[PDB]
Amino acid sequence: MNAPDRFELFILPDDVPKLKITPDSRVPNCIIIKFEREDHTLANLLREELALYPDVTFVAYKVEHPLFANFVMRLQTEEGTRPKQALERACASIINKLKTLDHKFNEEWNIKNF
Amino acid sequence: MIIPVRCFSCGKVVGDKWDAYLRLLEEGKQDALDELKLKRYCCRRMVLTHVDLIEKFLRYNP
Amino acid sequence: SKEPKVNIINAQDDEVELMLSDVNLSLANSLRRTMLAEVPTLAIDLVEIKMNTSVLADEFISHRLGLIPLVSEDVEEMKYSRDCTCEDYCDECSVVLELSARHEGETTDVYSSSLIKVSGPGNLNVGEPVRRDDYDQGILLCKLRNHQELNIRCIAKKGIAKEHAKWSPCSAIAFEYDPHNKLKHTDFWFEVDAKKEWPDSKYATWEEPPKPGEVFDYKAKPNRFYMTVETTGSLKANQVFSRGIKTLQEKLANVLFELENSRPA
Amino acid sequence: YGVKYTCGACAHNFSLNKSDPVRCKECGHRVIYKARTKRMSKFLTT
Ligand SMILES: [Zn+2]
Ligand SMILES: [Zn+2]
Ligand SMILES: [Zn+2]
């Protein structure tokens with residue numbers, strides 16, 4: 001009756017970017033990234049790998065409200081180092097970690113009999 | 001009212017398992033669930049609680 | 001070989017126990033849910049009933065078939081009806097099925113085995129009534145009496161667990177870590193003795209016991225996770241892990257891709 | 001090809017119109033259902 005169409009949990013709607021980046025005025029060298037059609041699955045994963053670049057001064061993320069599949073990510077880094085980059089890096093480090101995983105799980109598998 | 005395909009709770013299929021179960025009773029006189037491969041109670045309750053009405057519905061004419 | 005590492009334990013066709021070490025829980029969990037919800041599959045989505053004298057109603061059966069597990073091997077070389085340039089559907093993005101059931105044998109049953117594959121499979125593993133039943137007719141759709149008929153016509157499509165549960169190939173997934181509460185990510189309830197009143201997990205044997213004399217370690221983090229990936233069919237227990245590991249990756253990709261599309265301007 | 005009304009028991013395709021009585025080709029039992037449609041009905045699998 002009033003509930004959306006299921007496919008609104010992953011498909012971007014009419015003119016909408018996965019990412020929208022806004023500068024934060026509250027404190028220097030800081031930004032808030034709006035991720036559209038996403039959740040903890042991807043949020044928390046990005047949040048995590050950023051407290052890894054000890055070059056990142058801050059990193060938390062949140063889901064405004066459960067009805068809407070979106071989420072905000074706030075990042076702040078050291079002097080003259082752009083966070084967007086740290087987002088790239090920490091994001092890449094993620095794929096590699098998984099790239100390795102995929103592989104280590106495939107050779108491993110083949111060695112099975114059952 | 002027929003058997004429920006896949007368990008609500010976890011998702012594991014369970015449509016086929018009906019006849020296997022209702023059989024391991026009548027004959028093999030038996031646990032049934034456990035061998036049918038229904039481990040955790042979520043799916044367990046699925047089968048062990050179904051009351052197959054369809055049978056009685058089927059007893060109607062046209 | 002490199003970063004995170006696997007160490008499979010007893011594995012079969014409908015399960016895949018294994019230990020995933022050298023990874024942040026955060027990342028284990030992420031993969032966790034990805035399997036549970038976002039792996040492309042193939043389920044019936046549109047049902048065009050023609051005749052139906054069954055005691056079950058139209059949409060009741062319709063539901064049923066939505067759940068019947070279809071093949072989804074080369075599911076990746078098919079397209080989402082939403083992207084295919086064909087008004088409605090076609091061989092290039094869907095699998096059509098038939099189902100006819102006339103009551104002749106004076107209780108006749110309708111098993112998922114009774115499905116035809118009227119459209120052109122284009123020679124790719126997909127659209128098959130996954131049967132694991134001992135006899136050979138997995139999933140009893142429904143029963144019917146004397147002269148009750150029933151003619152359908154199903155159309156299957158890609159989709160995922162987000163869109164609907166009838167998709168996700170996962171179906172239950174075990175997850176545990178640090179069986180001996182060393183990280184103290186929990187405060188055991190108890191009347192007198194936590195340890196005696198709280199079941200010890202079968203997972204406590206691949207990690208060393210506590211050891212009293214030691215003070216509380218703090219700098220230690222959640223490393224190593226004992227899992228188990230059950231499958232319902234559609235996709236091989238192994239893939240339901242691989243593909244998962246990969247889709248999560250594809251997403252992490254566009255987050256970097258979408259990024260690029262925003263630098264030029 | 002073609003069917004109009006059916007009987008509550010002896011499900012035998014009938015067919016009528018005004019004043020032609022409201023019974024059946026036998027069984028007096030004056031019930032009768034108005035058999036399904038020709039235009040197919042389309043459903044969703046959720
Ligand atoms: Zn279950
Ligand atoms: Zn198409
Ligand atoms: Zn009559």
# chains A, B, ... in the order shown; residues from 1 in each chain; ligands from 1

$ interface_residues --of "chain D" --to "chain C" --cutoff "6 Å" --atoms "only C-alpha atoms" --output "PyMOL selection string"
chain D and resi 40-46

$ write_last_selection --atoms "N, CA, C and O atoms" --output "compact mmCIF listing (two decimals), in the first residue's frame"
# COMPACT_ATOMS: atom_id res chain seq x y z
N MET D 40 -6.00 -14.33 -20.01
CA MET D 40 -5.06 -14.80 -19.01
C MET D 40 -4.76 -13.78 -17.91
O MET D 40 -4.75 -12.57 -18.14
N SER D 41 -4.54 -14.30 -16.70
CA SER D 41 -4.21 -13.51 -15.53
C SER D 41 -2.72 -13.67 -15.27
O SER D 41 -2.19 -14.77 -15.28
N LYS D 42 -2.04 -12.56 -15.05
CA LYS D 42 -0.60 -12.59 -14.84
C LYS D 42 -0.22 -12.35 -13.36
O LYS D 42 -0.69 -11.39 -12.73
N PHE D 43 0.64 -13.22 -12.82
CA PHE D 43 1.09 -13.10 -11.43
C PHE D 43 2.57 -12.84 -11.20
O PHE D 43 3.41 -13.06 -12.08
N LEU D 44 2.87 -12.39 -9.99
CA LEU D 44 4.22 -12.06 -9.52
C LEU D 44 4.64 -13.15 -8.53
O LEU D 44 3.82 -13.66 -7.75
N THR D 45 5.93 -13.49 -8.53
CA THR D 45 6.41 -14.56 -7.67
C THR D 45 6.85 -14.20 -6.26
O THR D 45 7.71 -14.90 -5.70
N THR D 46 6.27 -13.15 -5.66
CA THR D 46 6.64 -12.76 -4.29
C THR D 46 5.44 -12.87 -3.36
O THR D 46 4.35 -13.26 -3.77

$ select_by_dssp --residues "chain D" --states "strand (DSSP E or B)" --output "PDB file with C-alpha atoms, in the first residue's frame"
ATOM      1  CA  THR D   6     -21.284 -24.610 -14.484  1.00  0.00           C
ATOM      2  CA  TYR D  33     -20.893 -20.803 -11.172  1.00  0.00           C
ATOM      3  CA  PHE D  43       1.088 -13.105 -11.429  1.00  0.00           C
ATOM      4  CA  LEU D  44       4.218 -12.064  -9.523  1.00  0.00           C
TER       5      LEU D  44
END

$ residues_near_ligand --ligand "ligand 3" --cutoff "6 Å" --atoms "only C-alpha atoms and all ligand atoms" --output "list in words"
residues 7, 10, 24, 25, 26 and 27 of chain D

$ write_last_selection --atoms "C-alpha atoms" --output "CSV table (one decimal), in the first residue's frame"
chain,number,residue,atom,x,y,z
D,7,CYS,CA,-23.2,-26.6,-11.8
D,10,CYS,CA,-22.3,-32.3,-11.8
D,24,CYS,CA,-29.3,-27.6,-15.1
D,25,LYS,CA,-29.4,-30.4,-17.8
D,26,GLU,CA,-30.6,-32.7,-15.0
D,27,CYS,CA,-30.0,-31.9,-11.4

$ atom_distance --atom1 "atom CA of residue A:66" --atom2 "atom CA of residue C:173"
23.5 Å

$ interface_residues --of "chain B" --to "chain D" --cutoff "12 Å" --atoms "only C-alpha atoms" --output "tab-separated table (two decimals) with N, CA, C and O atoms, in the first residue's frame"
chain	number	residue	atom	x	y	z
B	60	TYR	N	-12.91	-32.98	-1.17
B	60	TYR	CA	-14.11	-32.32	-1.72
B	60	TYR	C	-14.30	-32.68	-3.19
B	60	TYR	O	-13.33	-32.99	-3.88
B	61	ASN	N	-15.54	-32.61	-3.68
B	61	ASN	CA	-15.85	-33.05	-5.06
B	61	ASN	C	-15.34	-32.31	-6.33
B	61	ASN	O	-14.23	-32.61	-6.80
B	62	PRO	N	-16.13	-31.38	-6.92
B	62	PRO	CA	-15.62	-30.71	-8.14
B	62	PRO	C	-14.52	-29.66	-7.94
B	62	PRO	O	-14.10	-29.01	-8.90

$ residues_near_ligand --ligand "ligand 2" --cutoff "10 Å" --atoms "only C-alpha atoms and all ligand atoms" --output "mmCIF file with N, CA and C atoms, in the first residue's frame"
data_model
loop_
_atom_site.group_PDB
_atom_site.id
_atom_site.type_symbol
_atom_site.label_atom_id
_atom_site.label_comp_id
_atom_site.auth_asym_id
_atom_site.auth_seq_id
_atom_site.Cartn_x
_atom_site.Cartn_y
_atom_site.Cartn_z
ATOM 1 N N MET C 78 23.792 -13.832 -18.326
ATOM 2 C CA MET C 78 22.404 -13.489 -18.647
ATOM 3 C C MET C 78 22.225 -12.032 -18.186
ATOM 4 N N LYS C 79 21.216 -11.341 -18.703
ATOM 5 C CA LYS C 79 21.022 -9.962 -18.291
ATOM 6 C C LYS C 79 19.730 -9.702 -17.544
ATOM 7 N N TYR C 80 19.765 -8.664 -16.718
ATOM 8 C CA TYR C 80 18.598 -8.273 -15.947
ATOM 9 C C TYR C 80 17.560 -7.716 -16.925
ATOM 10 N N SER C 81 16.341 -8.243 -16.880
ATOM 11 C CA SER C 81 15.282 -7.776 -17.765
ATOM 12 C C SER C 81 15.257 -6.262 -17.850
ATOM 13 N N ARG C 82 15.722 -5.594 -16.799
ATOM 14 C CA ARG C 82 15.744 -4.139 -16.779
ATOM 15 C C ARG C 82 16.765 -3.527 -17.735
ATOM 16 N N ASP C 83 17.826 -4.259 -18.055
ATOM 17 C CA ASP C 83 18.836 -3.715 -18.951
ATOM 18 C C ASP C 83 18.674 -4.185 -20.380
ATOM 19 N N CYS C 84 18.024 -5.330 -20.561
ATOM 20 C CA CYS C 84 17.803 -5.888 -21.896
ATOM 21 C C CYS C 84 16.888 -4.994 -22.741
ATOM 22 N N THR C 85 17.314 -4.680 -23.961
ATOM 23 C CA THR C 85 16.527 -3.808 -24.831
ATOM 24 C C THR C 85 15.274 -4.424 -25.435
ATOM 25 N N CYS C 86 14.707 -5.431 -24.789
ATOM 26 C CA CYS C 86 13.509 -6.052 -25.330
ATOM 27 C C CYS C 86 12.284 -5.687 -24.518
ATOM 28 N N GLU C 87 11.231 -5.274 -25.203
ATOM 29 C CA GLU C 87 9.996 -4.929 -24.530
ATOM 30 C C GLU C 87 9.535 -6.193 -23.784
ATOM 31 N N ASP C 88 9.516 -6.148 -22.452
ATOM 32 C CA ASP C 88 9.088 -7.271 -21.585
ATOM 33 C C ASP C 88 10.126 -8.370 -21.258
ATOM 34 N N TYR C 89 10.368 -9.319 -22.170
ATOM 35 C CA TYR C 89 11.354 -10.387 -21.923
ATOM 36 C C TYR C 89 11.817 -11.121 -23.178
ATOM 37 N N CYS C 90 12.774 -12.033 -23.013
ATOM 38 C CA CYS C 90 13.278 -12.815 -24.141
ATOM 39 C C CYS C 90 14.328 -13.844 -23.721
ATOM 40 N N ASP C 91 14.771 -14.658 -24.685
ATOM 41 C CA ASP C 91 15.774 -15.703 -24.445
ATOM 42 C C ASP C 91 17.050 -15.108 -23.875
ATOM 43 N N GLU C 92 17.400 -13.912 -24.330
ATOM 44 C CA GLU C 92 18.613 -13.245 -23.884
ATOM 45 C C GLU C 92 18.580 -12.742 -22.443
ATOM 46 N N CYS C 93 17.438 -12.863 -21.769
ATOM 47 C CA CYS C 93 17.371 -12.428 -20.371
ATOM 48 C C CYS C 93 16.374 -13.199 -19.496
ATOM 49 N N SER C 94 15.694 -14.189 -20.080
ATOM 50 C CA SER C 94 14.734 -14.991 -19.323
ATOM 51 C C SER C 94 14.647 -16.467 -19.720
ATOM 52 N N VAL C 95 14.030 -17.233 -18.834
ATOM 53 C CA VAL C 95 13.830 -18.654 -19.024
ATOM 54 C C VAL C 95 12.333 -18.922 -18.833
ATOM 55 N N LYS C 157 13.891 -14.855 -13.919
ATOM 56 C CA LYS C 157 14.730 -13.685 -14.176
ATOM 57 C C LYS C 157 15.883 -13.642 -13.178
#

$ select_by_dssp --residues "stretch 167-255 of chain C" --states "helix (DSSP H, G or I)" --output "PyMOL selection string"
chain C and resi 194-197+202-206+239-255

$ closest_atom_pairs --of "chain B" --to "ligand 1" --cutoff "9 Å" --atoms "only C-alpha atoms and all ligand atoms" --output "Markdown table"
| residue | atom | partner | partner_atom_place_in_ligand_line | distance |
| --- | --- | --- | --- | --- |
| B:6 | CA | ligand 1 | 1 (Zn) | 7.5 |
| B:7 | CA | ligand 1 | 1 (Zn) | 4.6 |
| B:8 | CA | ligand 1 | 1 (Zn) | 6.5 |
| B:9 | CA | ligand 1 | 1 (Zn) | 5.1 |
| B:10 | CA | ligand 1 | 1 (Zn) | 4.2 |
| B:11 | CA | ligand 1 | 1 (Zn) | 5.7 |
| B:12 | CA | ligand 1 | 1 (Zn) | 5.6 |
| B:13 | CA | ligand 1 | 1 (Zn) | 8.3 |
| B:14 | CA | ligand 1 | 1 (Zn) | 8.7 |
| B:38 | CA | ligand 1 | 1 (Zn) | 7.6 |
| B:39 | CA | ligand 1 | 1 (Zn) | 8.0 |
| B:40 | CA | ligand 1 | 1 (Zn) | 6.6 |
| B:41 | CA | ligand 1 | 1 (Zn) | 6.7 |
| B:42 | CA | ligand 1 | 1 (Zn) | 4.0 |
| B:43 | CA | ligand 1 | 1 (Zn) | 2.9 |
| B:44 | CA | ligand 1 | 1 (Zn) | 6.5 |
| B:45 | CA | ligand 1 | 1 (Zn) | 8.0 |
| B:46 | CA | ligand 1 | 1 (Zn) | 7.2 |

$ write_last_selection --atoms "N, CA and C atoms" --output "short mmCIF file (atom, residue, chain, number, x, y, z; two decimals), in the first residue's frame"
data_model
loop_
_atom_site.label_atom_id
_atom_site.label_comp_id
_atom_site.auth_asym_id
_atom_site.auth_seq_id
_atom_site.Cartn_x
_atom_site.Cartn_y
_atom_site.Cartn_z
N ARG B 6 11.09 -24.40 1.27
CA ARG B 6 12.08 -23.62 2.00
C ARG B 6 11.54 -23.13 3.37
N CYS B 7 12.41 -23.21 4.37
CA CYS B 7 12.07 -22.80 5.72
C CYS B 7 12.05 -21.27 5.85
N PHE B 8 11.03 -20.74 6.52
CA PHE B 8 10.92 -19.29 6.69
C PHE B 8 12.24 -18.75 7.23
N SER B 9 12.50 -19.13 8.47
CA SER B 9 13.67 -18.74 9.25
C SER B 9 15.05 -18.64 8.56
N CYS B 10 15.58 -19.77 8.09
CA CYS B 10 16.90 -19.78 7.45
C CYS B 10 16.88 -19.84 5.91
N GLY B 11 15.91 -20.54 5.34
CA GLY B 11 15.86 -20.59 3.89
C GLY B 11 16.00 -21.94 3.23
N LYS B 12 16.63 -22.90 3.90
CA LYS B 12 16.83 -24.24 3.33
C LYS B 12 15.54 -24.85 2.77
N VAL B 13 15.64 -25.40 1.56
CA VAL B 13 14.51 -26.04 0.87
C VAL B 13 13.86 -27.08 1.79
N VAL B 14 12.60 -27.44 1.57
CA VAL B 14 12.00 -28.45 2.44
C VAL B 14 10.73 -29.01 1.81
N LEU B 38 17.45 -32.22 8.70
CA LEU B 38 16.89 -30.99 9.27
C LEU B 38 17.50 -30.70 10.65
N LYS B 39 18.66 -30.05 10.64
CA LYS B 39 19.41 -29.73 11.86
C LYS B 39 18.78 -28.74 12.84
N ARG B 40 19.18 -27.47 12.76
CA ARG B 40 18.67 -26.42 13.65
C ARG B 40 17.14 -26.22 13.62
N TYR B 41 16.56 -26.13 14.81
CA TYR B 41 15.13 -25.99 14.99
C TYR B 41 14.33 -25.09 14.05
N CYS B 42 14.98 -24.09 13.46
CA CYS B 42 14.26 -23.19 12.57
C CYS B 42 13.57 -23.96 11.46
N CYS B 43 14.33 -24.80 10.78
CA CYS B 43 13.76 -25.62 9.74
C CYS B 43 13.05 -26.80 10.40
N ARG B 44 13.60 -27.28 11.52
CA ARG B 44 13.00 -28.39 12.25
C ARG B 44 11.50 -28.15 12.46
N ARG B 45 11.20 -27.07 13.17
CA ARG B 45 9.83 -26.70 13.47
C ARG B 45 8.97 -26.64 12.21
N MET B 46 9.61 -26.31 11.09
CA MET B 46 8.91 -26.20 9.82
C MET B 46 8.10 -27.47 9.54
#

$ residues_around --residues "residue A:58" --least-positions-apart "5" --cutoff "8 Å" --atoms "only C-alpha atoms" --output "number ranges by chain"
A: 51, 74-77

$ residues_around --residues "stretch 50-58 of chain B" --least-positions-apart "5" --cutoff "9 Å" --atoms "only C-alpha atoms" --output "VMD selection string"
(chain B and resid 1 to 4 45) or (chain C and resid 54 to 56 107 142 to 145)

$ write_last_selection --atoms "C-alpha atoms" --output "tab-separated table (two decimals), in the first residue's frame"
chain	number	residue	atom	x	y	z
B	1	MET	CA	-2.60	-26.73	3.45
B	2	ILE	CA	0.43	-28.19	1.61
B	3	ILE	CA	4.10	-28.22	2.57
B	4	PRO	CA	6.13	-24.99	2.77
B	45	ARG	CA	9.83	-26.70	13.47
C	54	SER	CA	-6.47	-27.05	-7.59
C	55	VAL	CA	-7.70	-26.34	-4.09
C	56	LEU	CA	-4.84	-23.84	-3.81
C	107	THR	CA	-4.10	-37.97	-5.51
C	142	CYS	CA	0.97	-29.39	-4.91
C	143	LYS	CA	-1.58	-32.20	-5.00
C	144	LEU	CA	-4.85	-32.54	-6.91
C	145	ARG	CA	-7.79	-34.96	-7.11

$ atom_distance --atom1 "atom CA of residue C:250" --atom2 "atom CA of residue C:237"
20.2 Å

$ atom_distance --atom1 "atom CA of residue A:90" --atom2 "atom CA of residue A:50"
5.6 Å

$ interface_residues --of "chain C" --to "chain A" --cutoff "9 Å" --atoms "only C-alpha atoms" --output "ChimeraX atom specification"
/C:1-8,10-13,20,23-24,26-27,29-34,162-164,238,241-243,245-246,248-256,258-259,262

$ residues_around --residues "residue A:73" --least-positions-apart "6" --cutoff "8 Å" --atoms "only C-alpha atoms" --output "NGL selection string"
:A and (32-35 or 43 or 47 or 59-62)

$ residues_around --residues "residue D:23" --least-positions-apart "5" --cutoff "9 Å" --atoms "only C-alpha atoms" --output "number ranges by chain"
D: 7, 28-32

$ write_last_selection --atoms "N, CA and C atoms" --output "mmCIF file, in the first residue's frame"
data_model
loop_
_atom_site.group_PDB
_atom_site.id
_atom_site.type_symbol
_atom_site.label_atom_id
_atom_site.label_comp_id
_atom_site.auth_asym_id
_atom_site.auth_seq_id
_atom_site.Cartn_x
_atom_site.Cartn_y
_atom_site.Cartn_z
ATOM 1 N N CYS D 7 -22.345 -26.204 -12.935
ATOM 2 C CA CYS D 7 -23.226 -26.616 -11.832
ATOM 3 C C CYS D 7 -22.436 -26.941 -10.563
ATOM 4 N N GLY D 28 -31.851 -30.720 -10.472
ATOM 5 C CA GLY D 28 -32.666 -29.536 -10.280
ATOM 6 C C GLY D 28 -31.860 -28.441 -9.604
ATOM 7 N N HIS D 29 -31.051 -28.828 -8.614
ATOM 8 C CA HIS D 29 -30.197 -27.911 -7.845
ATOM 9 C C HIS D 29 -29.782 -26.680 -8.654
ATOM 10 N N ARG D 30 -30.542 -25.603 -8.467
ATOM 11 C CA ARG D 30 -30.379 -24.332 -9.176
ATOM 12 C C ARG D 30 -29.230 -23.402 -8.763
ATOM 13 N N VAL D 31 -28.014 -23.926 -8.637
ATOM 14 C CA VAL D 31 -26.877 -23.088 -8.260
ATOM 15 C C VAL D 31 -26.204 -22.489 -9.503
ATOM 16 N N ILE D 32 -25.019 -22.989 -9.858
ATOM 17 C CA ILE D 32 -24.263 -22.545 -11.040
ATOM 18 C C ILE D 32 -23.252 -21.413 -10.924
#
